[PDB]
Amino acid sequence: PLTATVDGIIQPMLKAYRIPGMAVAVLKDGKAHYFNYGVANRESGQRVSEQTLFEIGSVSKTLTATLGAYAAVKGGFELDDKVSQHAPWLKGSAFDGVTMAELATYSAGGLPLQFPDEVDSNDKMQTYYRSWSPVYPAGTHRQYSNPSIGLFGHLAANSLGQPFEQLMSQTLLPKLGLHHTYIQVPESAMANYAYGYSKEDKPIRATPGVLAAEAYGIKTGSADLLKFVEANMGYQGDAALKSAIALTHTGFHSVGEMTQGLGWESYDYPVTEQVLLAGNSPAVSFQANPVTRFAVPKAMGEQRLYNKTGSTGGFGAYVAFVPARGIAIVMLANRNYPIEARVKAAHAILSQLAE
């Protein structure tokens, strides 16, 4: 049984981690199912719905990756192009020796998790990339990195002659049928925007930063985010967007049991909880690891679990889907609670959905 299942997993988790609100959406047998808990705003008491806007943090990277793939499919660049081919200001830099695909998959050579301290203007960002010295040879190490995929999204949008935000809001989101998903939440929708809650229980929301839109800037609810997942299960429409989504299901290297694609990370299905936790642990996400290189990028197919974790100061999100079994789960919360718990919860739920 569906509702009691989700409730049984989710609600104890909300109490244990003091999660004020969570929106959950699952895909099964071709239908969306919504389960909503608690409040978007603990002081007003406004209840969470599938239309409540959450910061989804790095789940945004899957949309950025899709935009990037779309630009590639439309001929703005080839994934194997050197980065400086698409960044005149980077010619002569280390990015002469880095591909767009490496940049998208955090394997450029040791770009850090966050921009350094005062790399926080466009002009200082440009100087930063220009003067960057690789820690590792290109394509040998995976180090999860906002600068890395941030630059990828930025240059990809530029290859079509548009700012990232414009290409996302005027082309990609509308073509995916996502009309309630935002990089900047309009006044008209501000009523739906949840508050995040810090470790100290203060209401907070993410602020704009250098390449923040690209790396972790999407606000959306569970309904829209599930629609994006549905497009990843079977999109039939514009051939280009279909081809783009297909590119995000391509694997470029692996780290242990996890295969890195564009935005999505995936596992061989069926996958155990232990393997899913490991692939999403600090061991993989907060340090550089040598990769298992692929002879050529590989279409990963349907017998996979695809996922992405996402966090901001006040928000915690998780998404996972399994195309061959037609199941997916979206979990959006307004507290940045341990990824470990997100993963157990989702695994327990998906396990039941499969059955």
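Residue positions are given as counts along the sequence shown, with the first one as 1. In this text, the rigid core denotes the largest set of C-alpha atoms whose superposition between the two forms falls within 1.5 Å.
In 4 other deposited structures of this protein, superposed on the rigid core, the segment with the larger root-mean-square CA displacement between 94-102 and 207-215 is 207-215. Between stretches 198-206 and 255-263, the one whose Cα atoms sit farther from the displayed model in 4 other deposited structures of this protein on average is 198-206 (core-aligned, root mean square). Taking the mean C-alpha B-factor of each stretch as recorded, 233-241 and 169-177 are not equal, and the higher mean is that of 233-241. For the pair 78-86 and 100-108, the mean B factor over Cα atoms is greater in 78-86.
Looking at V284, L155, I183, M190, the one whose CA carries the top B-factor in the deposited record is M190. Per the PDB entry, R130 shows the highest C-alpha temperature factor of the residues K227, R142, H249, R130. Sort the chain's modelled residues by C-alpha temperature factor and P116 lands in the highest third, per the entry.
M331: CA B factor in the lowest third of modelled residues in this chain (values from the PDB entry). When all modelled residues of the chain are sorted by CA temperature factor, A213 is found within the lowest third.
Per the deposited record, the Cα B-factor of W264 falls in the lowest third when ranked against the other modelled residues of its chain. For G221, the recorded CA temperature factor ranks within the lowest third of the chain's modelled residues.
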